[PDB]
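Next up is one chain by itself, shown in structure tokens, the form deposited without the partner chain.
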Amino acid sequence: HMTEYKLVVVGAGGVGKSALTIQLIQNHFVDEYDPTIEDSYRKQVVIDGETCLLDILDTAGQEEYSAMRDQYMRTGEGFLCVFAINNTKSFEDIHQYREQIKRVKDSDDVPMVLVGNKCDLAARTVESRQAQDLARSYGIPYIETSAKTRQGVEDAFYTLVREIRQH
């Protein structure tokens, strides 16, 4: 049996966080997505020559069910803490998301990655250095991604798998 990594996407709502996972799963050149089927959140990948299965939980749209975060977060081994580079509030919310992840997992060292998403052609309010500084302070990687071009998507996910493997 190949290794299965249970990943959880966390972040502010209303700022296109769903693109990160939709773009990973979708084959480029197919823009047709059905969130109803199993294949929409499970993907077989080869990372550093070792085949594995990524199971990704993204509860995009259920942000108001604030008392369901612990439940959802406990399913994960690895986390993608996502903010929009055009929304400073989503960036500022990362500190509390991470604190909950640490509490839920009962660990100060939980495999985690900071993802800055460029969700539209709105102006950037979060400079690369601000996010690179925050990521360093937590001792975790920082990956910027483009929702339009798929740039950085695979690197975000693969860097998380490496963080889990090297845990």
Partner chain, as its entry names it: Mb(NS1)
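For clarity, a rigid core is taken as the largest C-alpha set superposing within 1.5 Å between two forms. Residue numbers count along the first chain shown, from 1. Only residues modelled in both forms are compared.
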Query - Across other compared entries, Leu121 missing in at least a third - result: yes
Query raised in the report: In at least a third of the other compared PDB entries, does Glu64 have no coordinates?
Result: yes
Query raised in the report: Comparing 26-34 with 61-69, where is the mean C-alpha B-factor higher?
Result: 26-34
Query raised in the report: Looking at the entry, does 98-106 or 36-44 show the higher mean C-alpha B-factor?
Result: 36-44
Report task. Using the entry's values, work out which of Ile56, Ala131, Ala123, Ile140 has the largest Cα B factor. Result -> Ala123
Query raised in the report: What third of the chain, by the recorded C-alpha B-factor, contains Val8?
Result: lowest
Query raised in the report: How does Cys52 rank on Cα B-factor within its chain, lowest, middle or highest third?
Result: highest
Report task. Compare the C-alpha B factor of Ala135 with those of the other modelled residues in its chain, then answer lowest, middle or highest third. Result -> middle
Report task. Ordered by C-alpha B-factor within the chain, which third holds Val113? Give me lowest, middle or highest, please. Result -> middle
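As for the form deposited with the partner chain bound, it is not shown, yet the points below apply to it.
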**Report entry** Partner contact for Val110 in the bound PDB entry: the partner chain, 4.5 angstroms, heavy atom
**Finding:** no
Report task. Sequence order please: the residues of 147-167 with a heavy atom within 4.5 Å of the partner chain in the bound PDB entry. Result -> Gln151, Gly152, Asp155, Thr159, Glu163, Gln166
Query raised in the report: In a superposition on the rigid core, which residue from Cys52, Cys119, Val126, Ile56 has a CA displacement reaching 2 Å or more between the shown form and the other one?
Result: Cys119
Query - Cα displacement of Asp34 between the shown form and the other one reaching 2 Å, rigid core superposed - result: yes
Query - Cα displacement of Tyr138 between the shown form and the other one reaching 2 Å, rigid core superposed - result: no
Requested in this report: Return yes or no for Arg69: a CA shift of at least 2 Å between the shown form and the other one, with the rigid core superposed?
Outcome: yes
Query raised in the report: Looking in the bound PDB entry, are the Cα atoms of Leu24 and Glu32 closer together or farther apart than here, the change being 3 Å or more?
Result: farther
Query raised in the report: Which is it in the bound PDB entry for the CA atoms of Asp39 and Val110, closer or farther than here, knowing they shift by 3 Å or more?
Result: closer
Report task. Run through the residues found in both forms and list the stretches of 3 or more in a row whose CA moves by 2 Å or more between the shown form and the other one, fitted on the rigid core. Result -> 14-17, 27-40, 61-69, 119-123
